[PDB]
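Taking the form deposited in one PDB entry, here's one chain by itself in C-alpha cells.
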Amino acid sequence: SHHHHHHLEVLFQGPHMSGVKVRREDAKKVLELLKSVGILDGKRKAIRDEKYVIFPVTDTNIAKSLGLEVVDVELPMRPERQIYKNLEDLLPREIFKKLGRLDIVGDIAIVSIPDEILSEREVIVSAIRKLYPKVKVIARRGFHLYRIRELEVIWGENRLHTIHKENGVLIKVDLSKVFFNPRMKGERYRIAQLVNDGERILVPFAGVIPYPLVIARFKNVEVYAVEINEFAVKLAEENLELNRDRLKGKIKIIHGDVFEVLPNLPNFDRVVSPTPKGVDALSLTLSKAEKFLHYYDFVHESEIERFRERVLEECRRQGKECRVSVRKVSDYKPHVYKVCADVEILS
C-alpha cells in the first residue's frame, strides 16, 4: 500500500528557500499576519532595501493564499552565536540615538523612550532582552518630594521591586516607591574608601541606605541616616537586617525631615549629602560637619566656578577654614553635570 499525502507532506529534509516581498509601509502588518498564520521562518533573517522588506516563510502556498508576493531569495541564517556588546549593536542608529541611558537594577531594566520612537517599542524591548537575557522586567522611564521616577512596565513581570547587588552588599529596592541610582556605585565605594575607622558619619537624604551600607561594609564606623519617605525607611530597615552579618560598621536609621532633624543632632566627623536635585542643603549639612563634607549638586558647566565660590562663601559664613574641591561626578544632561564638593575643614 501507500501513505496518506497529509503524512508525506512533512518529510522534506531541505531548508526553506523563499520569502514574501512587501512594501516597507506594510511590513509591520505583514509580520503580524505571518506570525498569526504560523508560517514565519525563525531560521532566517528578514532583509530590507529602500522600498521593500522580505520576510522568510515556511509555506509559500499559504503565503499566496494570503495575497502575498512570493520570491526566491537567499536570506541570511539567524545568528547562533551572539557577540553583541552594546544596545547600539542591536538597533538602528536613528532609534538608538534617541533612547535615554539604560540602567540595570537587580533583574529590572529601565530605559527612557520618547513618544517619538514609542512606535519602535517592540524592537527596543527585543534588543534589551537580547543584550540582557537575565532581566525579567523592562520599564519605561519618565521623570522623578520623594523623587520617585515615573515608571511603566513595558515587558515582563508586573513588578518594580528587586534586590540589587553592589560593592559587596544587598540592596532591596521598590522603584515604584523609592529613588535608587545604580550608577552611583563608584561614588559610594569611593567615599567608603576615604572613610577612617572610628568616624561618626551623617547621611541626610539616605533613601534605602545604599551609602551607609557600603561605607559600613568597609569601615568600622557609626552612620546616622535620615530619610523622610516611610517606604524607603521600611526598605532601609530590611536592608540593615539583610546585610547585618556582613557590616563592620553600625547604622542608625531615622525617619524624618532632614531640615527638622539635623538642627537637633550633635555634629559629625563626616557628612555625605546625596542632595535631591534642585534642593539647597549646603548650609545645614556643612553645619553638621567637623572634618569633611561631601555635598552633591547639579550644576551647568558654565556655573561650576560660581558653585565653588558659593561653597567657600558658606564656609566663611560659618567661621570655618576650608579647602574646597569640586569633582564632576557624571554627565546629567548636555552641558549639565552632577558634581560633588569635597570640603575639608581645617583645624
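Definition used throughout: the rigid core is the maximal C-alpha set that superposes within 1.5 Å between two forms. Note that residue numbering begins at 1 and tracks the sequence as displayed.
Coordinates are absent for 1 to 3 residues of the deposited sequence placed between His144 and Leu145.
Higher average CA B factor: 113-121, of the stretches 213-221 and 113-121.
A summary of the deposited B-factors shows that, of 231-239 and 147-155, the stretch with the larger mean C-alpha value is 147-155. Note on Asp297, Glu32, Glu314, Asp49: the highest value goes to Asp49, judged by CA B factor as recorded. When the C-alpha B factors of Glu88, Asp269, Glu260, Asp107 are read from the deposited coordinates, the top value falls at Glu88.
Residue-level temperature factors show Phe179 in the middle third of its chain, judged at the C-alpha atom.
Ranked against the other modelled residues of its chain, the C-alpha B-factor of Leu346 as given in the entry falls in the highest third. Residue-level temperature factors show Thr275 in the lowest third of its chain, judged at the C-alpha atom. Ranked against the other modelled residues of its chain, the C-alpha B-factor of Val137 as given in the entry falls in the lowest third. Among the modelled residues of its chain, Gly42 has a C-alpha B-factor that falls in the middle third according to the deposited record.
Note that the form deposited in another entry isn't included here; everything after this is about it.
Rigid core superposed between this form and the one not shown, residues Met184, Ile253, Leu90, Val261 considered: the one with a C-alpha shift of 2 Å or more is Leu90. Here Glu230 does not count as shifted, since its C-alpha moves by less than 2 Å between this form and the one not shown after the core is aligned. For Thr162, a C-alpha deviation below 2 angstroms is recorded between this form and the one not shown after rigid-core alignment. Taking the rigid core as fixed, one finds a CA shift for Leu284 smaller than 2 Å between this form and the one not shown.
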